[PDB]
Structures are given as structure tokens and as C-alpha cells.
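Protein chains in written order, with the entry's author numbering: chain E, 6 to 28, 44 to 74; chain F, 1 to 103, 126 to 149, 161 to 247, 252 to 362, 372 to 380; chain B, 2 to 428; chain A, 1 to 437.
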Amino acid sequence: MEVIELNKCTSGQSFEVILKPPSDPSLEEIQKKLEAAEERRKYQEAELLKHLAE
Amino acid sequence: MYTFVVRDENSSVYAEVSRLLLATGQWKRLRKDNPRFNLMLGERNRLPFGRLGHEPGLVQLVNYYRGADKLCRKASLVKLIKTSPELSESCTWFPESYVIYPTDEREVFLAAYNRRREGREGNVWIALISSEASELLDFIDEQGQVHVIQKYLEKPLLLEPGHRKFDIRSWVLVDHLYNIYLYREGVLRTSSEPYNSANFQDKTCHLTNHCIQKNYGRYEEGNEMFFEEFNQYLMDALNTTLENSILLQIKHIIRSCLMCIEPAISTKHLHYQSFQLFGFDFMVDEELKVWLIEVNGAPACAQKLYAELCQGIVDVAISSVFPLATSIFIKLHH
Amino acid sequence: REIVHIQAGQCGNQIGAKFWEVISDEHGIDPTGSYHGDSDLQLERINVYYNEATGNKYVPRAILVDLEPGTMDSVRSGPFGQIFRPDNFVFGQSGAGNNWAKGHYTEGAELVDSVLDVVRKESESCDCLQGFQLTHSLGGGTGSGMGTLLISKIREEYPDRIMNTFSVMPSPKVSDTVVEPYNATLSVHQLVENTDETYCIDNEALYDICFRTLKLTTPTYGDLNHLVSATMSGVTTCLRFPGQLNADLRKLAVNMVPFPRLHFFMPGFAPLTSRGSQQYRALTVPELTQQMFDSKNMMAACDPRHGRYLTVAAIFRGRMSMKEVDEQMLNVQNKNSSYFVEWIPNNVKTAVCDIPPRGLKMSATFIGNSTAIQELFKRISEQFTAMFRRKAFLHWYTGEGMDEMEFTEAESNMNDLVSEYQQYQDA
Amino acid sequence: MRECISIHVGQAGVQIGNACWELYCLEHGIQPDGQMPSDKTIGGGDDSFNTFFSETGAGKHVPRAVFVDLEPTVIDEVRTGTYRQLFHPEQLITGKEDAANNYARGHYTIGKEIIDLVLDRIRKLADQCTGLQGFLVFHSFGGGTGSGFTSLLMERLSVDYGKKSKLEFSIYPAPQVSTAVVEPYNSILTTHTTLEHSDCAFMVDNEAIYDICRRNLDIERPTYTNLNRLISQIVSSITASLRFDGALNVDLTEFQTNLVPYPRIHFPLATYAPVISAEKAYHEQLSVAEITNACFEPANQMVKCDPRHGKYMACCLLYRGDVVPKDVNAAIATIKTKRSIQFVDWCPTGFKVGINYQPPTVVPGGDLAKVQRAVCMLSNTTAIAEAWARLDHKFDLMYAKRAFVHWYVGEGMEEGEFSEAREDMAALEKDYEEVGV
Ligand SMILES: Nc1nc2c(ncn2[C@@H]2O[C@H](COP(=O)(O)OP(=O)(O)OP(=O)(O)O)[C@@H](O)[C@H]2O)c(=O)[nH]1
Ligand SMILES: Nc1ncnc2c1ncn2[C@@H]1O[C@H](COP(=O)(O)OP(=O)(O)CP(=O)(O)O)[C@@H](O)[C@H]1O
Ligand SMILES: Nc1nc2c(ncn2[C@@H]2O[C@H](COP(=O)(O)OP(=O)(O)O)[C@@H](O)[C@H]2O)c(=O)[nH]1
Ligand SMILES: Cc1nc(N(C)c2ccc3c(ccn3C)c2)c2sccc2n1
Ligand SMILES: [Ca+2]
Ligand SMILES: [Mg+2]
Ligand SMILES: [Mg+2]
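Written out as C-alpha cells, the structure reads:
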């Protein structure tokens, strides 16, 4: 029914049409997680290399 | 070699369809959760339509229509009938109903209850059956869930001998193409205790459910009168046929109800396909006028007609999508 | 992403030498090492297995290993013998006498440092090294025992690279000595811990295929290795050739191995063909698919109907309708879905490569991580126990410093593996 | 005028960026060397196409764009492709070992070692912006780099540009063109870690692009190339309002204010018609009513699902070609009476509309025919949640046995991050259920 906010220009046009009305982590915490998984990666590789030394 | 899965064990109907599908040696049954299936006899609640139609190289078909609950739940059916232009308030075959929520259209319901008391015409209603507003609204709030308040049909057609009340169940099958098939065998679930017009407390001669009646078995086996005998009766007692007095209106209501929701539930250009069996519950009054009581979405059959219906479901709803290597249905054309 | 290839022992060197024969011809390299081919598809990833020298020479990134010179002499005087970098031949003189002990602990320990030196020289030329493929048998001494010793040392210096093996399993049907079930059980124990991907090339299966299917009355090791080089060419195509997937040794491990110990693969191949006998009729795509999934085409002697596939990798080579390939692959999974686990959705992946192998217009190679593979390890465990319960032939190993306790462990670890596999067959 | 920096991550992102930036050049008349005969203002200008291109005194127009992959194979083809002269090197960032289909390896292990260099290279484009709006981030859900590195980058962009907007063009996994069995894990992982850092995500389900390519374009086995030209038109439709004169969706903040009321539910469904085969000999051109009707057929949706069984929160119709407002409203009024369009109670039933009179540009020699009018509908339907159902179910099957989890934990990730991510998606699915039923 109701057509509103019609803006025309050389390139096209735009409008709305209404049919009915209604009824963050910090840089510190990010470097912490990234390095905390680097520790688990190191720990596991060192258990491996230890086993391989046995 | 087509594959399928069963997800509703308690389905008497589709228990019998799986046994028929296996018995052709062209349908293998898979486990509940195997997704590589051609056909799904799914559950009744939370059926996962979001997961159908996404198995490449598989054509997937299920035995329910997503959205058909709007027709098969008493609150929804009322609302559907009252807001849809195609059915309307002037709908001449649905009893006057209102939706009532426990402590909504509770003020609107009373507004009709006064005309009916201020006209001294009949004023029985149902949810328990009573002729006074106040014992009803007290009953709804004492249960918990949402109820529907409906005009009780105070002048039903009464079978003779016995002065007995009944209701007609029609089985309708809708295929993936949205052909509307009516099973030629209906059933009258009858009352065995003669209908009593003054005492609405005795709910054994007013409610005709096969469970409540189980004088059961007096007139006809299991309180179930089929169409041949009900037609013979109307011919003899009333000088008219089942077809002209009742069936024509039943074919009209079925068609109207299903035509109304076809745009909302059809699977014509969908990535999975749907078929569904319905139970339509009709009430005939003493002027040979048919009324819609409710639509059931998970209906069971009558023990004689299982073999013939279930075999038709395979023929027209399943083999038509997955063919293998005169008709018991009336197609309600549109 | 370079791959470093190692071949240890008699078997290891013979099948290895046939792999390089085969995939050279496929990429257009001649024995000399010069390119003489017509499609650019051939050179686009040839860096994965070959180095480049000046004069546009391609030299395989292969290291040749043995404890007795006999077989590596054969290779040098073989068809493609001159294409291998002569500095990469690393051999002793003693031999290992079909003794795992000698390969892992005494004879082998002597030589293993030379080998790792050459491994490092090749690794340093690598722009980004993805890991290692080793070819070896498990029933002899060198490939079995010093190969698994190489693996343990290669893992220590390169713990973050992929270790992939082609491991020939032993069978009484094609047997050198009675200690083979001892050597292989000691080796499976190593492979379970220290590889990511092992293709189980079972000699039982290879013998049955020559005898039954190909109608060869008395098969040779040559007849066995034809099937093996065909399979090796196949399972590596999606590393060697440009395509829609473009995989590598780590991507294959991630998608194939749901749990790190269950990393033992059944290769399959279609159409099976014998040496020299040319076949004039190409197969239809439904024919490849029915064949590659049949037991009579598996290179591990296991009944795939006695278990379930955890994952599957399929490869079709040749000019064919990729649409039809897709429908056939889907058909098999839909027709026999009880044989694919339902807790790993979409566990079959197919790839295509236009270039076919020599002498076929179209072929299908199959990589199955089935739980039926336990039939293989169980067979070996019976053969091990029938000797071990009487400590029979053990002196050959205790003589080199080994203790019975090492056998009991390997046996237990391989029985665990078989149970682990059985666990997921009833999931 | 306010610029937009485009970031393409992983294989799907880079290959789709090649598709779009090629189109973008054909649309704006920019030859494969950066030369635009039209930009009379040599070297500068606050025009509508300068939101995606900067100029150089040399006369070259160069995309406000950065390509990033943990492997050199794909980006190397941008380096030597027909559009190489477009991009300068600083913009093309290649690592050495890709993530091997492994989120935890793109996010933690190999991520950590290139994130700083990428952020620096983005700060070099932000620095030539008089008024940066934010970012368009193209990536797959399923890849190792696409899922894992993208979510790291997204977290860092919120701390280095906390005021700026971030949009996503995300490829949703489908088995017909999959590369990995762990794509369900990588999806739920990257969706969880990105959800709070993304303002609007256009999800494009590869299943849907593949079937559209099969049914309407008559390609029998679509490749990435087939898929990416169809996807680039959709992308172009969405971004045209930022590269051309108009009053609808003129900045990135307007995408959130027009398509996303609730922040968490920010995945608008995109629908697109007509897709007509180039080598279809006789074709009768489709009217405004016909193409607008097809916006409501699931067979034309970027994600297969049924909007009749959900509710709309917003809805935009982007036309391109011979469209006038009169014929749009006509088509709407017939459609509203034939189709199920339920809005949520707390939102006006309506359609913001944009028309660009230039008909969709088509890649010369491609698979798509020229047409006289095309529309892309952007609706925020709760129905898209089916896509999360599908994905969460597949994730649930594998995780119930911890299958493949060791490949993640081996890389430093913790088994609990899997269940943290899955509980989030369990939340999201429920948010959709409250809003929609
Ligand atoms: N539509 C489309 N999808 C693609 C394209 N390339 C890859 N994909 C999809 O992306 C997913 C795989 O993710 P990729 O982008 O290839 O992975 P990646 O981000 O490069 O990470 P890697 O694992 O390092 O290669 C699969 O779901 C593919 O279907 C493409 O060019 N177009
Ligand atoms: N408005 C009405 N007028 C007269 N009788 C009515 C009535 N509504 C219901 N009845 C009677 O009461 C019974 C109960 O109706 P209803 O259809 O709600 O039972 P039900 O819920 O078990 C059937 P369904 O299988 O569809 O759920 C009917 O079988 C009919 O005999
Ligand atoms: N399939 C195959 N098996 C082989 C070959 N050579 C040896 N074998 C098997 O390898 C085992 C013996 O190992 P071998 O390689 O000779 O010992 P090694 O030199 O000490 O490692 C036995 O099971 C043989 O059947 C071969 O060329 N092909
Ligand atoms: C070297 C190699 N790698 C492959 N990848 C990495 C793979 C495997 C198995 C896969 C996928 C995706 C799902 N599943 C089950 C990918 C494939 S897939 C076909 C041949 C092939 N060859
Ligand atoms: Ca300018
Ligand atoms: Mg020997
Ligand atoms: Mg990649």
C-alpha cells in the first residue's frame, strides 16, 4: 500500500513499501590463548621426544 | 532397490506399510538414524524437515506435510477457519467455536452466549459438555492447557433401531503432487447407549470414541457401521443415498480445508517431497447436514480396512515416486 | 611441498624401483632423466617427488637402503637404474639374515646414521618438506627391522612431518622363512606407534589375485609387484597431479584417520591385469566401481563384508564422465550403506585424473580404512602364537640381545589394535 | 565517501575474490591493467567506485583488497593471472604449509605465525583511507585456513578497528564439492569464534549454487569456476549499492540497520533470479513480476530451506536493469496474496527496495546470458536456521565418538573448545526458535 522515502537519481531509485505495521576480548586475552595452545603443543612434543629417548 | 527408515513404532498404519514394502523385495529397511534413505515414516513430534532433501543422488520422500498441524490441532483449526478468506466466518459447515486460554477471545465467546440465552434457543457447548458458561470456564482453568469452546449439535441424526448417535470418519490421502484422494470406505463410529437429550453428565451416549464404548457390539461388530449398511439404512429409513445427502458435503469440506492450506505446505518445487494421510471427523445433524468436528493428522484405521488402505498408500503415494519393476480412491478434483 | 622417499631391504627396493619406473613414464621422464612428453599436466606438480638439476633434469627424491649390496646392484643395472642420485645409495655388506633383531638392534644400528645423513641432505633442499614415504616388507630383516628403526629415528628429528609407509605383509603362500610372523609382529608394533598412514600390501592377497583372478599358475615376485606398482601409482595420484582436490600427505591422514592408531589402509584396484596380456576393451564406469569394491580386487586379504568402512578415498584415472563417476560412487554407498559407518557423515570422497596409467584407457584405485583389516593382523597373530607358545626359533633373536619380553609386548599391542578395530565395527 | 577493504582468506575466498574483482572491473569499465578511461580525476576523487578502488597518479585503479592463504598455490594464480597488474604484491600474502583441512592448525599453529604480518598489510590500506567503514571478509566454513585463520583475523580486527564494521561472505559446506570430512567441525568452530565479531554474514551453501548451476545453466558437473561466476553476481548485487549512486545500503552500517535487528541473528538469506543459460538459443525475457515471484522459490535461494515455516525480520529487493517502482509494487501486491509471508510481530511487514538501472554485467564468454532485469532478494528469515540444524547434526554424529578430534588436540586445541562451540550453536538454534515459532 504505502510507499515512502522515495529517493530518485540518475542511476536508479530507492524506496520502501509498507504492507502492514508491527503488532569483546582484548589483545592480551588473545595473545594468552594463542600462547596457551603453544604450551600444550610443546608439552606433547616433549613427551614424544622423551619417549623416543627411552 | 529402494531404502526406508521407520521412526514411529506406535503407528498401526505404517507398521503395516513397512511390512508391505519389505514384502516386495524391492524395499530394504535401514536403521532409525541412517540418513541415506529414499523414504521416511517419521515421528509425530519434532520431525526434522530441515534435514530432508540434502542427500545427493537420493530422492527423499516423507509421510507428513510440514505445516499441516495448522489443520490438525483444535486451536489452530478454529484460528485457520476464522482468519482465512477461503473459509471465513460465514463458513456454513463448521460449528461456532472460540479459543479460550486459562488465566484469547473470551469476551467474544460470551457475546454469543447471550444472544443464545436471550433467544431461548439451544445453548449446549463443549470443550466436558455443559449448558452454562461458568462450569466450562472453571473447567478450562482447572486443566492447564489451551482448550476450544464449541457449539454442541443438539439435534443429531439418530440411528434406528436404538436412537443412537454417531460420527463419520473419512480417510483422505494427499500425495506429493497434491492430488487429494478420498478413501471410498468410511466408517461410522456409533454410540450403543441411546442418546439422552437432557442429561449431559453421562458422556457415554454423547462421545462416540471407539475407546469410550469399550452395550458395545450389540447392533454391529465393535460399534463400527460401514458405508454399505449405512447407505442401505438411509435408502430404507430416509429415501436418499449416502452419496447425495452426506458424501457430497464431505467431499466439499475436505476439498475446502486442504485447498486452503495448499500454498503453505505444498512440496511442489521443494528439495524433499511430502505425502500425508488425514482423518476427517464429520457430524451429521437431523436435517442431513454435515459438520466438521476436527481433522486428525496421525489417524488409525479400522481393522477391516487396514489391508486395503495401507495397500493404496503404497500404490498412489509411494510407488508413484519409486516405481517397481480399479482404484479404491475418489480423486477430489481441483 | 616435497616428499622424501625411502626404500629399505630386498622387497622395499624392488617395489620401490618399480614405482619410480612407473610414475616416471607417467610424468614423461626417461631413464636418462630428461622430459620427453606432451601434456603440461605432467610437470605441474612433478616437484612433489622429483628434484630439478641443470639441463632440466629431474632426479627422484629417493633414498635407497639395504644391508647387503646384491639387490641395490640390481636396481642400478635395471631399466631406470641410472635415474637415481648415486650419492643416495646407502648399503652395508653383512646382510640382515631375515632377522628383525639384526635390522633394528645390531647390524642395522651400524648403518642407520649414514642413511639419516642422506635424509637430511635431501630435507634441506626442500622448500617445504611434507614428510616421508617408505617402501619395505615386514617379514625380512632389513626392511622390517631397520626400516622401523629408520622410522623411529626420522620421527625424532622431524616429529612434525608425516610418516607414510607401503608395508608388504607376509604369507605362508609366498614365504621366505618361518620367522616372518615374528618380524612382522615386531614391526606392526612400531607402525602402530610411529606412522600416520600405512598401506597394508598383503602378499597373501597378491598371490590369490595372480592365481585365482589372473589365472597365473605359478606367480613370481614380478607378477606380484605389477599389482603393487599399479596400486602405488593409483593411491599417489592426488599428490602428483593437478586437479580439483590437490591433496598432500597430511590432508590424507586427517581425512582418513578418525583415531590415531587405526591408520591401516586396504588398497584396491580395477581392472586387475597381468603382465604383458593387453586388454582391448575398456571398462564402463559402472564396471570399475563394482570391481574396485569387490574383495577380489583388494590388496589386503580381508572380507570387507566382515566389517565396516570408516573412510574411503577413491580415484578414477582416464577420460570419463565425472557426472557418471559421481552417480556410481553414490549408488554404492546408497545400495550397501550398512557397510559404511553412519557416525562419520560423507565418508567417501572421489577424485578424478585425466591421465591414465600405461596400458589402460581407464582405471580405479581404492583406499579403504575398513575395520575388516583386523582379519590381517589376527591372521599374523595366530601364526606368531603357534610358534611363540613353544618359544620356537627365538634363539635367533635372543642371540642379538633381544629378550622374550619384547615379543610379548608387540603381541599385546597388535592384539589391542585388533580389539580397537573391533570396537568400531559394532558402533 | 568512505572506503571498504576486502579480505579474501583461504582457497574459496581467494578464488571467489578473483571472480568478483573481475566482474567489478567489467562493471566499472576497468581494463586488466588498472586503467579506467572514465575516471577523469586522475589520481583521486571521492566517487562511489572509490570505495573499492584507490587510484594512482600513474592512472591505475587498484582494489582496496588483500589476499591471504597459508599456501602459495592459489594466490600464485592471481600473481600470474590476467588481472595480475591490478594488485600490487604487498597485497598478496602466502604462507608455506596450509592448515591441512584443520581449523586448529589455521587458527593456532600456523595462524599465530602470520597474523601479525597480515594485520600490518591491512594497516597499509587502512592508512590510505580518509574514512574507513570496515571490511568484507570472504572465506569458506570448511577449509582449514578459511575457517581457522579467518576467525583469528576477525578477533584481531575488532581490537584494532573496534568502531568499524565487518561483513562476511561465507561458503557453507556441501558434500558434492567438499574437500574434507572435518568440514562440519571447522564450521561450528569458526562460527562460534566469529559470531560476536561479525555484523552481517551472507552464507552461500555450495549445495545450492551447484544445483542452480545444474538445473538452470545446464552444466552437468559444475566446477569451482561455474560456481564462482554465479556467486560473484550475487556478491555484486549486494555490493552494488556501495559502488554506485543510490540511497539504499550506502554504507556498511546500513546493512545491519536494514537486515539485522537482533545482533546474533545476522545471517540474511539471499535469493536471486533469473539465472539463464548463455547458450540457451531462444529465451523469453522475464518481467518484473516473474523475477520477483522467483525470489520466493527455494530453488533460487543461496541456502535451500523453506521460509514459509519461519518469520521475516527484514527484506530488501535489489533490482538491476529495466525496473521501475510502479511494476515492483504491482508484483508485490499480487505476491502477498499468493504466498506465505509472515513477519515477526515486532517488525513492520514491508520491503525496502533498490533499483540500479544498469542491467547485470556478464562475464564475456561465461555461462550466464545477458538479461534485461534481475533481482537479488535479501531477507532475514528464521528459516535459514535449518542450515544450522543440518550442520549441528553432522557435527553431533562425529563428536559423539570424538572421531578426528585428536587431529585438533594435537595442534594445541582443547577438547572443551569443541563443546563450547557446539553449545553456542545450540544457543543460536534456540534464538531462531523463539523468534520464529
Ligand atoms: N564455491 C566455492 N567453494 C570452494 C572453492 N574452493 C573451495 N571451496 C569450498 O571450500 C571448502 C574447502 O575449504 P577451502 O577454501 O578449499 O580450504 P582453505 O581455506 O584453503 O584451507 P586449506 O585446508 O588450507 O586448503 C569446501 O567446502 C569447498 O567446497 C571455490 O573456489 N568456490
Ligand atoms: N460440537 C459438537 N457437537 C456435537 N457432538 C460433538 C461436538 N464436538 C464433539 N462431539 C462429539 O464428541 C466427540 C469428541 O470430539 P473430538 O473430535 O474432540 O474427540 P477426539 O479428540 O478423540 C477425535 P480426534 O481423533 O480428531 O482427536 C466426537 O466424537 C463427537 O461424538
Ligand atoms: N610382494 C613382494 N614381497 C616380497 C618381495 N621381496 C620379498 N618379499 C617378501 O618380503 C619378506 C622377506 O623380506 P625381504 O624384503 O627379502 O627382507 P629384507 O631385505 O631383510 O628386508 C617375505 O614375506 C617375502 O615374501 C617383493 O619383491 N614383492
Ligand atoms: C592423497 C589423497 N588424499 C585425499 N584426501 C585428502 C581425502 C581423503 C578422504 C576424504 C576426503 C574428504 C572426505 N574423505 C573421506 C579427502 C583423497 S580423496 C580421493 C583420493 C585422495 N587422495
Ligand atoms: Ca576520481
Ligand atoms: Mg629375501
Ligand atoms: Mg588451501
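Cβ atoms here follow ideal geometry from the backbone N, Cα and C, with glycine treated the same way.
task: Using 10 angstroms around the beta-carbon of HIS396 of chain B, count the other beta-carbons present and answer buried if the total reaches 16, otherwise exposed.
output: Taking the first residue of the third sequence as 1, we reach residue 396 of chain B at position 395. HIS396 of chain B sits exposed, since fewer than 16 C-beta atoms from the chains shown fall within 10 Å of its C-beta.
Inter-residue Cα distance where the pair is residue 155 of chain F and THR223 of chain F: This model leaves out residue 155 of chain F; its place in chain F lies between 149 and 161, and no residues are given there.
message: Between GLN131 of chain B and ligand 7, is there a pair consisting of the residue's CB and a ligand heavy atom that are separated by less than 7 angstroms?
response: As a position in the third sequence, residue 131 of chain B is number 130, starting the count at 1. Relative to ligand 7, the beta carbon of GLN131 of chain B is positioned no closer than 7 angstroms to any heavy atom.
field: Buried versus exposed call for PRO27 of chain E [16 or more other C-beta atoms within 10 Å across all chains shown]
entry: Translated into the one-based positions of the first sequence, residue 27 of chain E becomes position 22. Counting Cβ neighbours within 10 Å, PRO27 of chain E comes out exposed, since fewer than 16 surround it.
message: I want to verify the contact list: residues of chain A whose CB lies under 9 angstroms from the CB of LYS25 of chain E, in sequence order.
response: For the purposes of this step, residue 25 of chain E is identified with residue 20 of the first sequence, where counting begins at 1. Going along chain A in sequence order, the residues near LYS25 of chain E (Cβ under 9 angstroms) are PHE343, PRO348, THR349, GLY350.
task: Can you give me the Cβ contacts of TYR319 of chain A inside the same chain, cut-off strictly under 6 angstroms, excluding the 5 residues immediately before and after it?
output: As a working mapping, residue 319 of chain A is identified with position 319 in the fourth sequence. Closer than 6 angstroms at the Cβ level, and outside the excluded window around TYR319 of chain A, lie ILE355, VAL375.
task: State buried or exposed for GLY17 of chain B, treating a residue as buried only when at least 16 other CB atoms are found within 10 Å of its CB.
output: Translated into the one-based positions of the third sequence, residue 17 of chain B becomes position 16. Buried.
Per-residue contacts from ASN34 of chain F into chain B (C-beta, under 9 angstroms): Residue 34 of chain F sits at position 34 when you count from the first residue of the second sequence. In chain order: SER338, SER339, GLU343.
task: Show which residues of chain B have a CB atom less than 9 angstroms away from the CB atom of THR3 of chain F.
output: Locating residue 3 of chain F in the second sequence gives position 3, counting from the first residue. Taking a Cβ-Cβ threshold of 9 angstroms, the residues of chain B close to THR3 of chain F are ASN335, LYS336, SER338, in chain order.
query: In its own chain, which residues sit with a C-beta less than 7 angstroms from the C-beta of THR253 of chain A, not counting the 5 before and 5 after it?
result: Taking the first residue of the fourth sequence as 1, we reach residue 253 of chain A at position 253. Result list for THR253 of chain A: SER165, in chain order.
task: Specify the secondary structure class of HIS379 of chain F as computed by DSSP and reduced to three states.
output: Here the question's residue 379 of chain F lines up with position 333 in the second sequence. In the three-state scheme derived from DSSP, where H, G and I count as helix and E and B as strand, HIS379 of chain F is classed as coil.
- request: Using the DSSP secondary-structure output, state which residues sit across from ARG197 of chain F in a beta bridge.
  value: If you number the second sequence from 1, residue 197 of chain F lands on position 164. Note: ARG197 of chain F is bridge-paired with F:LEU192 in the DSSP secondary-structure output.
field: Any heavy atom of ligand 6 within less than 6 angstroms of residue CB: hits in chain order
entry: That query returns the following residues: B:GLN11, B:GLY141, B:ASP177.
message: Are there any heavy atoms of ligand 4 lying less than 7 angstroms away from the beta-carbon of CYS239 of chain B, as far as the coordinates show?
response: Stepping through the third sequence from its first residue, residue 239 of chain B is reached at position 238. At least one heavy atom of ligand 4 is nearer than 7 angstroms to the Cβ of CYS239 of chain B, so yes.
field: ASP67 of chain B - partner residues in DSSP beta bridges
entry: Start at 1 with the first residue of the third sequence, and residue 67 of chain B comes out as number 66. Paired residue(s): B:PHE92.
- request: Please work out which residues of its chain come closer than 7 angstroms, Cβ to Cβ, to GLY310 of chain A, disregarding the five sequence neighbours upstream and downstream, and give them in chain order.
  value: Here residue 310 of chain A refers to the residue found at position 310 when the fourth sequence is read from its first residue. Here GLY310 of chain A has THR381, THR382, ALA383, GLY436 as same chain residues with Cβ atoms under 7 angstroms from its own Cβ, once five neighbours each way along the sequence are excluded.
message: Report the CB separation of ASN101 of chain A from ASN256 of chain B in whole angstroms; it is logged as a contact under 8 angstroms.
response: Locating residue 101 of chain A in the fourth sequence gives position 101, where the first residue counts as 1. Locating residue 256 of chain B in the third sequence gives position 255, where the first residue counts as 1. Contact annotation, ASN101 of chain A with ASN256 of chain B: C-beta distance approximately 6 angstroms; criterion of less than 8 angstroms satisfied.
field: Against chain B: residues of the segment 53–70 of chain E by CB proximity under 9 angstroms
entry: Against chain B - using a Cβ distance shorter than 9 angstroms - the residues of the segment 53–70 of chain E are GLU65, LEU68, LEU69.
message: Does the CB of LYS304 of chain A have a neighbour CB from chain F at under 8 angstroms?
response: By one-based count along the fourth sequence, residue 304 of chain A stands at place 304. Yes, contact with chain F.
message: Please report the distance separating the alpha-carbon of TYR253 of chain F from that of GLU266 of chain F.
response: To locate residue 253 of chain F, count along the second sequence from 1; it is residue 216. To locate residue 266 of chain F, count along the second sequence from 1; it is residue 229. In a straight line, the C-alpha of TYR253 of chain F is about 18 angstroms away from that of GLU266 of chain F.
- request: Starting from the Cα of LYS25 of chain E, find the closest Cα among E:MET6, E:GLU67, E:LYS52, E:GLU74 and give me that residue.
  value: Translated into the one-based positions of the first sequence, residue 25 of chain E becomes position 20. Put simply, of E:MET6, E:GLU67, E:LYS52, E:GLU74 the residue whose alpha carbon is nearest the alpha carbon of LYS25 of chain E is E:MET6.
- prompt: If we cut at 8 angstroms on Cβ distances, does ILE355 of chain A have a partner in chain E?
  reply: For this step, residue 355 of chain A is matched to residue 355 along the fourth sequence. Chain E contact via Cβ: present.
task: Give the DSSP bridge partners of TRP204 of chain F, in chain order.
output: As a position in the second sequence, residue 204 of chain F is number 171, starting the count at 1. DSSP output for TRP204 of chain F lists F:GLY316 as bridge partner(s).
- request: Under 7 angstroms between beta-carbons, which chain A residues line up against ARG51 of chain F? List them in chain order, please.
  value: Sequence index remark: in the second sequence, residue 51 of chain F carries index 51 (1-based). The answer, in chain order, is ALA389, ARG390, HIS393.
- request: Decide if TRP388 of chain A is buried, meaning its Cβ has at least 16 other Cβ atoms within 10 Å, or exposed.
  value: Taking the first residue of the fourth sequence as position 1, residue 388 of chain A is located at position 388. By the Cβ-count criterion, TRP388 of chain A is buried, with 16 or more other Cβ atoms from all chains shown falling within 10 Å of its own Cβ.
- request: Give the DSSP-derived three-state secondary structure of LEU286 of chain A in the structure shown.
  value: Sequence index remark: in the fourth sequence, residue 286 of chain A carries index 286 (1-based). When secondary structure is reduced to three states using DSSP, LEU286 of chain A falls in the coil class, being assigned neither helix nor strand.
message: My output table needs one value for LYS25 of chain E: the three-state DSSP class, helix, strand or coil.
response: For the purposes of this step, residue 25 of chain E is identified with residue 20 of the first sequence, where counting begins at 1. Correct three-state label for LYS25 of chain E: strand.
- prompt: Count the other CB atoms within 10 Å of the CB of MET267 of chain B; is the residue buried (16 or more) or exposed (fewer)?
  reply: In the third sequence, residue 267 of chain B corresponds to position 266, counting from 1. Buried, since its Cβ has 16 or more Cβ neighbours within 10 Å.
- prompt: Below 8 angstroms, can you find three or more Cβ-Cβ pairs linking the segment 370–383 of chain B to the segment 294–306 of chain B?
  reply: With three or more CB-CB distances shorter than 8 angstroms, the segment 370–383 of chain B counts as touching the segment 294–306 of chain B.
message: Does the distance between the C-beta of residue 160 of chain F and the nearest non-hydrogen atom of ligand 2 fall short of 7 angstroms?
response: Any structural detail on residue 160 of chain F is unavailable, because chain F resumes at 161 straight after 149.
- request: Mind reading off the beta-carbon distance from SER6 of chain A to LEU136 of chain A? Whole number of angstroms is fine, and I expect it under 8 angstroms.
  value: For this step, residue 6 of chain A is matched to residue 6 along the fourth sequence. For this step, residue 136 of chain A is matched to residue 136 along the fourth sequence. About 5 angstroms separates the beta carbons of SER6 of chain A and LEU136 of chain A, which is inside the 8 angstroms limit, making them a contact pair.
message: Along the chain, where does the beta strand (DSSP E) containing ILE384 of chain A start, and where does it finish?
response: As a first step, residue 384 of chain A must be located in the fourth sequence, where it is residue number 384. No beta strand (DSSP E) holds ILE384 of chain A; DSSP gives it neither H nor E.
Chain E residues whose Cβ lies nearer than 9 angstroms to that of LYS336 of chain A: Residue numbering aside, residue 336 of chain A sits at position 336 when the fourth sequence is read from its first letter. Within chain E, the residues near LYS336 of chain A are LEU24.
Classification of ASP114 of chain B by the beta-carbon crowding that lies within 10 angstroms, buried from 16 upward: Here residue 114 of chain B is taken as the residue at index 113 of the third sequence, counted from 1. Exposed, because fewer than 16 other Cβ atoms sit within 10 Å of the Cβ of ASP114 of chain B.
message: Quick check on DSSP: helix, strand or coil for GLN15 of chain A?
response: Within the fourth sequence, the letter at position 15 stands for residue 15 of chain A. DSSP places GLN15 of chain A in the helix class (H, G or I) of the three-state scheme.
- prompt: Quick one: is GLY25 of chain F near chain B, going by C-beta distance under 8 angstroms?
  reply: Here residue 25 of chain F corresponds to residue number 25 of the second sequence, with the count starting at 1. The Cβ of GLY25 of chain F sits no closer than 8 angstroms to any Cβ of chain B.
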